[PDB]
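What follows is a single structure, written as structure tokens, with notes after it.
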Amino acid sequence: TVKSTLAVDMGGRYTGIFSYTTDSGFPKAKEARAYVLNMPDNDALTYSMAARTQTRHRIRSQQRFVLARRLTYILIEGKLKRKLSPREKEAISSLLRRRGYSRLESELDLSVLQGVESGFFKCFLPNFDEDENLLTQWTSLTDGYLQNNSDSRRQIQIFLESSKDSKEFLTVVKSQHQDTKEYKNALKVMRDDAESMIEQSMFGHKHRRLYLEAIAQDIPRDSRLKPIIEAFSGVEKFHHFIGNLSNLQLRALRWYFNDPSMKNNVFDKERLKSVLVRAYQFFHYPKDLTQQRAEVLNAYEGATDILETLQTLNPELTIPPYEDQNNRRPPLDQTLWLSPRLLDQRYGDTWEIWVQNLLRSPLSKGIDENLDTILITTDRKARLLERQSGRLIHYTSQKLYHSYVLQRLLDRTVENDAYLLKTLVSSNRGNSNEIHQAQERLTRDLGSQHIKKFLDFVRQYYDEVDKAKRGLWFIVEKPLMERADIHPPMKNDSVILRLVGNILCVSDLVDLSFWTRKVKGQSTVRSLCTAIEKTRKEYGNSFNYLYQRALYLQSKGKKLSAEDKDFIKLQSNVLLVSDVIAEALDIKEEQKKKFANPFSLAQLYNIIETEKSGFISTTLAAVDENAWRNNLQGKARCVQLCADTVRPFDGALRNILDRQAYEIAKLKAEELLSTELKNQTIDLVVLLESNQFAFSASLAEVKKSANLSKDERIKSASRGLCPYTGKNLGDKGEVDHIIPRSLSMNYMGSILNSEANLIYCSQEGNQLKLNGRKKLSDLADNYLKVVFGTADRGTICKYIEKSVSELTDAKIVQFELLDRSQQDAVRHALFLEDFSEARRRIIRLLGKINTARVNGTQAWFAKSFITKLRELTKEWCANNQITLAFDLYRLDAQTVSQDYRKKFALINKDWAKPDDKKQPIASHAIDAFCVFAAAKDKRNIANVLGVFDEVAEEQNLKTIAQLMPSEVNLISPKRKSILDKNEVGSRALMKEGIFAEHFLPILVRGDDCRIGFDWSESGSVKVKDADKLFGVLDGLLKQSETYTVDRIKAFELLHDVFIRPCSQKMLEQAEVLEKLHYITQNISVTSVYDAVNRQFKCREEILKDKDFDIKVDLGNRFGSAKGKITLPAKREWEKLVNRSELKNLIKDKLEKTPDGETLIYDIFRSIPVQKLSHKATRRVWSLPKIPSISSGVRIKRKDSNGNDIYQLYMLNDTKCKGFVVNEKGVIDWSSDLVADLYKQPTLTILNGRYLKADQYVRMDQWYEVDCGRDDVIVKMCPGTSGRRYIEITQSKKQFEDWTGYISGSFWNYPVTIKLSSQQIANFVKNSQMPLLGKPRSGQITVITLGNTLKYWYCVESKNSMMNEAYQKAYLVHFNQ
RNA sequence: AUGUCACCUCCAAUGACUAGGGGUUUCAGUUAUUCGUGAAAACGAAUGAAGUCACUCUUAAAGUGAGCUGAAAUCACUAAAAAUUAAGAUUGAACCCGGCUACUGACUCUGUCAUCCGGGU
DNA sequence: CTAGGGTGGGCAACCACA
DNA sequence: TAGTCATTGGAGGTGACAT
DNA sequence: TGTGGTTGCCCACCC
Ligand SMILES: [Mg+2]
Ligand SMILES: [Mg+2]
Ligand SMILES: [Mg+2]
Ligand SMILES: [Mg+2]
Ligand SMILES: [Mg+2]
Ligand SMILES: [Mg+2]
Ligand SMILES: [Mg+2]
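For the first sequence, the numbering used here assigns the number 196 to the initial residue and increments by one for each residue that follows.
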């Protein structure tokens, strides 16, 4: 045997790894290797599918609209029997855009408006009548508001401005009524439901198919739709048709267009009818909407012409219900059943004889008792496959009966086991008389000819059970039990009866009549159990502690408070309900004591009354079998069934742990195969650290802390006021992430959905709050007075810092047992400054993706790692006859931390774990080493792992610490490059955000000619001898004095010079076209406001000359025209900063005005009233600037009419695959060799030209360059188009002498070393080597630590000496 | 005490469906007429919407830029539609076809449909 | 467990050089 | 941003047995 | 009056 060992300190980002191989016992000095895996949380690897899912659903919404237009056009040209004009197509598509959401907001309450007299509100609207109720006139007011009545709208803002000061109203109410609180509530509701009408007209369309009403009003007022209207014979029929098609989901349109013959957009009536009935049979309607469902299907199924049904069926009925993807990907239950198939594949028909012989014994009386009921339901996958085949061969009822009896025999409890099979096959024996008579009984019952093989089976079974309980069923080689791999049910009534029977300790529960029994008075079992669960959920995880403390205090005779007296009343209730239940269905006393507690009664209520919300863990066969085995109405008959404990982590957790397990399996793979050994068993033990993190309240913390759903909790935390605007909020608001969704996704790859990050605000406070930061000064003053008692921002800042400073990390993470003040302090700490200690603590404590990546993920990670290492070393073990005998052990984190990490910290000071700051990278390897140091302590681990010589604490504690090697390797995974992927579509292969693509006009006046926008000096550049420009621009220009290029012809020629080799004339034309070309892009006017530091920026920043100047430089070859143009749009920016209400906030040079983006949005507003009710609102206002550019591509797509359009994007990935190498081996460092996922008849690399390359050097080709010295080792690869990658192997003392890095020993180094500009200058100065360059932004990534460092960096800028030395190394390799 | 197993409730993290509303870009349109309400400055309405400024230069006219409005496009191969913004050593997810012999789900429950199963892309 | 602004391109600005 | 549906892990419980 | 090499810095879809 060969002892191979892996120890893993699991980490959300950084994973420590200590691994070795040995012949026996401890490893040598050379065999132990320390690794640290840093998973990139800076988006070098994408684990979260959030960006991919939102891109998928954005494209799905786009294709939903595209296919809805396609279907609408097909049906309308079918109705007209003629082709639509582009104006008709534009009007129909104008109806189809912006269809609004489909949720349930059903009815505004307005109940407080019933008890308020109308005559009090004649002041705001004099036209009101006292004979008319306020509710009726309010309904008519809203009806007028929807009908685009401008007077009604003006009445709305008149009411909005008048009701903000309510001193007169409250004075009159107090003068005529005693209580003013109900009138305060009435005015609050009035101002709360009118402010939501101000919204959803300024921030979004946002209609719950009031789009139907808007389109019903806007169809007759659109003149392009007139020839359609008599074609449909009415505005009503056409509106119903449009609304019915607009309610279709993408899957319906998919099902209609899913045919190659539908590339012709042909109309098929029966296909459309079948698609519509298929579409509305797909939904799971609620119980109150079934009649509506019954209407819609009866329209669609009964259609003798589906096109008239679309015009006839009311589109309000065809609004889809909520999605019900409840059977989406159901779980497979992981119960492990004894397999008749495997048993008669291995033992033939002999195990049948074993079961028959053991059944004949009187000791096995009643072991098959309820099996005629158990065997009805299918329990496993192979039985299901045989039942689908209709040919029961291995899974007949007799074979299942015998296998069930066999497993009940083997899993029998100690009190009932008449054979002591666990003792009989154990390697250790006790007092031999009892084992002697147990073997005698087994021999007498089973038969002496069957004793050997059966016991071998028994030992195998028990071994394979034990592995199954440790999460290691997958490492068995010849299994006897099989996983079920079957979907369980979803808590139907038959499941409810079994679960309630498991609670109540009954076996044959048939109905729930006990639930309706009367306990005391008119209060049923239902009422007391609902009260019990209400109390238990009010007290949370601390309920058991406070309840048991109340019972202990009442037992000892000590005085009870009100809360403990309430708990004593609850104990009286649980005793009464337990007595009534146990008398209702005849439960005896000792079984009544097993559910006479609040928890069992509460979960009785939860099972019986609350609706089902997921699948049960096992199938009903396993539920019934476990109910038989446990025998809760009496004494337990058998041990409960075992299951494969490794539940699947399908998600981003799968991705992170998948990549970690593959990297560790690679390290273990070419650590094993680097050694040379044949035909011997290598046992490979995996060591893991138990990370169990509490996200809800712990017992050890509620003990020291005791001496509304989450959505409603966040809603009630804002106290009915919008935090960002101060408006009365109500219920039509939005839950805002204070730390923005995109920001946290960018630097963390996660969305912080913790309650502290979520604040309930309005649409105004959420749509003006973009990805930019928002501080405490942007919150409204009244909201701060309500929450913190005062609106003083400094006092609130000090209060928040002091209150959060007293909270521990756990008490912040266990968020729900703070009081209201501490919860508000933790949430509002995110509104503080960047340098705030409280905010820096809270942002880090809500990054709970890193805590969930290690929380109990050790079993699945170990399974993944062992399976991968088995498949990498499969051919190596096959070619060397190696058998790998894997193992898994798991170690308590607190034990290894206190008893080994702290001890090594005292022994070696450099090995200490920092608690107040970030851990050094090598410390993770130390933790992994500590895991190994703990695992040698355990006798069970060491007895298979090695020998036992642990004679003293100090001796082994000092002998172990020298095993860890000096150097530690730092493994940085990175995703596959876009040059190597054969599926390049699985990468975001260009950035979203399109750039405006202009060309400079040419102005001619007589002989004189110039390039620019106008004849001003700053707007043009004079061309010397312009006849050469027109000579090299024949066929590309068009005359509008002014000559402008032909956009389509220029784009076609610029694609032709990129995709195919072209003549010199076309290349010169492309050069001129690229020199007249420039790029602008609209950037928002809110960029005058700094959204991060919350201040206005100086005029020299808005009117910075780099943002507007265009450099034009042709040359004599095209007619010399050198100079700089200013962009005319700069004058519009001059309008922005010199306008009436911004010229004082923006200074000439570089106070901190709060919420300036709201001011900018108040400046730009649609003051005129829109004619059309279905019109898009606008929120973002922008002006062009010259943006900074990346590698750009022009894409030739097609518009809806079939015309070629060109849009300019930027690449997200690499554009260059390498550098062209000639026949002699010389690298062409200047030319751009574009990769082959580009170079397509649609794409055009911007300023790109065709290039032929028979051979080239790849960007990944590392070579060792001759650096002129032997102390360092310099490797170099081209890496990128403009920056080489340089890898330096160099002693750490020399690196510190070069740089001045003062991070102490190498154990305290990070994985990414950030050099200051003084340290970069020191590196360049002391290296005295221009061949090294300097690191880009001082970023150095360490590959191996130690006394000799090995680190790589991207050079800040290329340099001819690097290219020369790489050319030298490449020529040395190329000649050989 | 901690290991399985089954339930209950919370918290956190996932990924799945359905989307919504702004952006950006391309292509157009617009740089106003008519009516009645005013002596008029101006107001309102109708023209499907928009229809307002600024540099150049005969002064007009024009050029150019911006705004506004409406459509369209918003990864490529690439399309009827599926996959397509993850990973690649392995995969996962999605979507479609057939089936109801049968695991799961929804109903109007001998059955039909499906997010289920089998297969395919 | 975690202490959070990367990279693969582009541009303009100077400084030799013809 | 909004609905809806499932899963995994942990914390607090109840019940079974088994170290 | 190009032409190439360094240096310095900027960009990225949101709610
Ligand atoms: Mg650890
Ligand atoms: Mg927000
Ligand atoms: Mg660690
Ligand atoms: Mg536009
Ligand atoms: Mg069924
Ligand atoms: Mg189907
Ligand atoms: Mg699916």
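Even for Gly, the Cβ is constructed at its ideal location relative to N, Cα and C.
In the structure shown, what three-state DSSP assignment does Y542 receive?
Position 347 of the first sequence, counted from the start, is the residue given in the question as residue 542. Note: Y542 maps to coil in three-state DSSP.
Span separating the alpha-carbon of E635 from that of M676:
By 1-based counting over the first sequence, the position of residue 635 is 440. By 1-based counting over the first sequence, the position of residue 676 is 481. When rounded, the distance between both Cα atoms is 28 Å.
With burial defined as no fewer than 16 other Cβ atoms inside 10 Å of the residue's Cβ, what is the status of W549: buried or exposed?
Here the question's residue 549 lines up with position 354 in the first sequence. With 16 or more other Cβ atoms within 10 Å, it is buried.
DSSP on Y955, reduced to helix/strand/coil?
Within the first sequence, residue 955 is the residue found at index 760, counting from 1. Looking at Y955 - three-state DSSP - the assignment turns out to be strand.
Just verifying my parser: in three-state terms, what is the DSSP assignment at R449?
For the purposes of this step, residue 449 is taken as the residue at position 254 of the first sequence. It is helical.
Among the candidates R228, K223, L279 and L570, whose CA atom is the shortest distance from the CA of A1117?
To locate residue 1117, count along the first sequence from 1; it is residue 922. Closest by alpha carbon: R228.
For the putative contact between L1248 and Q1264, defined by C-beta atoms under 8 Å, what is the C-beta separation to the nearest angstrom?
Working through the first sequence from its first residue, we reach residue 1248 at position 1053. Working through the first sequence from its first residue, we reach residue 1264 at position 1069. Confirmed, Cβ separation roughly 6 Å.
Please go through the same chain and pick out, in chain order, the residues whose beta-carbon is closer than 8 Å to the beta-carbon of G1420, but skip the five residues on each side of it.
Along the first sequence, read from residue 1 onward, the residue named residue 1420 stands at position 1225. The beta carbon of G1420 sits closer than 8 Å to those of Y1565, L1566, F1569 and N1570, all from its chain and outside the five residues before and after it, given in chain order.
Within this structure, are the beta carbons of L862 and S214 separated by less than 8 Å?
For this step, residue 862 is matched to residue 667 along the first sequence. For this step, residue 214 is matched to residue 19 along the first sequence. It is a contact, given that the beta carbons lie within the stated cut-off.
Thinking just about the alpha-carbon of each residue, which of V1021, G967, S1368 and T1372 is nearest to the one in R1360?
Walking along the first sequence from the start, residue 1360 turns up at place 1165. When only C-alpha atoms are compared, the closest one is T1372.
Could you name the residues whose beta carbon sits closer than 5 Å to any heavy atom belonging to ligand 2, keeping them in chain order?
Those residues, listed in chain order, are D931, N961 and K964.
According to the neighbour-count rule (16 or more other Cβ atoms, all chains shown, within 10 Å of its Cβ), is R1034 buried or exposed?
Counting from 1 along the first sequence, the entry for residue 1034 is found at position 839. With 16 or more other Cβ atoms within 10 Å, it is buried.
What's the gap between the Cα of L420 and the Cα of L1268?
Taking the first residue of the first sequence as position 1, residue 420 is located at position 225. Taking the first residue of the first sequence as position 1, residue 1268 is located at position 1073. A direct Cα-to-Cα measurement between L420 and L1268 gives close to 43 Å.
Determine the extent of the alpha helix (DSSP H) in which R264 is found, giving its start and end residues.
As a first step, residue 264 must be located in the first sequence, where it is residue number 69. Per DSSP, the unbroken alpha helix (DSSP H) holding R264 starts and ends at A245 to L275.
Based on the DSSP output, what are the partners of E1459 in its beta bridges?
Indexing the first sequence from 1 puts residue 1459 at position 1264. The partner list for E1459 (beta bridge, DSSP) reads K1470.
Pick from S1500, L492 and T1353 that is closest to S1486, judged by C-alpha positions
For this step, residue 1486 is matched to residue 1291 along the first sequence. Closest by alpha carbon: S1500.
To which residues does DSSP link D1082 through a beta bridge?
Your numbering for residue 1082 matches position 887 in the first sequence. Beta-bridge pairing links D1082 to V880.
What's the call for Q1514, buried or exposed, on a 16-neighbour Cβ count within 10 Å?
Counted from its first residue, the first sequence places residue 1514 at position 1319. Buried is the call here.
What's the C-alpha gap between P935 and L580?
The sequence position of residue 935 within the first sequence is 740, counting from 1. The sequence position of residue 580 within the first sequence is 385, counting from 1. Here the alpha carbon of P935 sits roughly 50 Å from the alpha carbon of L580.
Quick one: grab the DSSP three-state call for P793.
Numbered from its first residue, the first sequence carries residue 793 at position 598. Of the three classes helix, strand and coil, the one that applies to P793 here is helix, per DSSP.
Taking only runs of the alpha helix (DSSP H) that begin and end inside the stretch 916-973, which ones reach a length of at least 4 residues, in chain order?
936-943 and 958-962
Distance, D973 Cα to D931 Cα
If you number the first sequence from 1, residue 931 lands on position 736. If you number the first sequence from 1, residue 973 lands on position 778. When rounded, the distance between both Cα atoms is 14 Å.
What is the DSSP secondary structure of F323, counted as helix, strand or coil?
The residue labelled residue 323 in the question sits at position 128 within the first sequence. Coil.
Do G1141 and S219 have their C-beta atoms closer together than 8 Å?
Working through the first sequence from its first residue, we reach residue 1141 at position 946. Working through the first sequence from its first residue, we reach residue 219 at position 24. Cβ atoms of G1141 and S219: closer than 8 Å.
In chain order, what residues of the same chain lie with their CB nearer than 7 Å to the CB of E1551, ignoring the 5 residues before and after it?
Locating residue 1551 in the first sequence gives position 1356, counting from the first residue. These residues qualify, in order along the chain: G1528, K1529, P1530 and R1531.
Grab the span of the alpha helix (DSSP H) containing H435 for me, first residue to last.
In the first sequence, counting from the first residue as 1, residue 435 sits at position 240. Here the alpha helix (DSSP H) through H435 covers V430 to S441.
Is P1256 helix, strand or coil when you go by DSSP?
Translated into the one-based positions of the first sequence, residue 1256 becomes position 1061. If DSSP states are grouped into helix, strand and coil, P1256 belongs with coil.
What three-state label does DSSP hand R1464 in the structure shown?
Position 1269 of the first sequence, counted from the first residue, corresponds to residue 1464. The answer is coil: DSSP assigns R1464 none of H, G, I, E or B.
What number of angstroms, rounded off, separates the C-alpha of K686 from the C-alpha of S598?
Within the first sequence, numbered from 1, the residue matching residue 686 stands at position 491. Within the first sequence, numbered from 1, the residue matching residue 598 stands at position 403. One C-alpha to the other measures close to 28 Å.
For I1155, which option in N923, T813, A1129 and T591 has the closest C-alpha, if you only look at C-alpha atoms?
Translated into the one-based positions of the first sequence, residue 1155 becomes position 960. Considering only alpha carbons, the answer is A1129.
Just to check my reading of the structure: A679 and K576 have Cβ atoms closer than 8 Å, yes? What is that Cβ distance to the nearest angstrom?
The residue you call residue 679 lines up with position 484 of the first sequence. The residue you call residue 576 lines up with position 381 of the first sequence. Yes, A679 and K576 are in contact; Cβ-Cβ is about 7 Å, under 8 Å.
Specify whether the stretch 396-413 and the stretch 285-302 touch according to this definition: at least 3 beta carbon pairs, one from each stretch, less than 8 Å apart.
yes
Taking C-beta to C-beta, are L916 and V981 nearer than 8 Å?
Along the first sequence, one-based indexing puts residue 916 at 721. Along the first sequence, one-based indexing puts residue 981 at 786. The answer is yes: Cβ separation under 8 Å.
Sorry if obvious, but does the Cβ on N1045 come closer than 7 Å to a heavy atom of ligand 1?
As a working note, residue 1045 is residue 850 in the first sequence. Not one heavy atom of ligand 1 falls within 7 Å of the beta-carbon of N1045.
Beta-carbon proximity list for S891, same chain, < 6 Å, skipping 5 on both sides:
Translated into the one-based positions of the first sequence, residue 891 becomes position 696. The beta carbon of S891 lies closer than 6 Å to those of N736 in the same chain, with the five residues before and after it left out.
Whole alpha helix (DSSP H) elements within the stretch 726-791, 4-residue minimum:
738-750, 757-779 and 784-787
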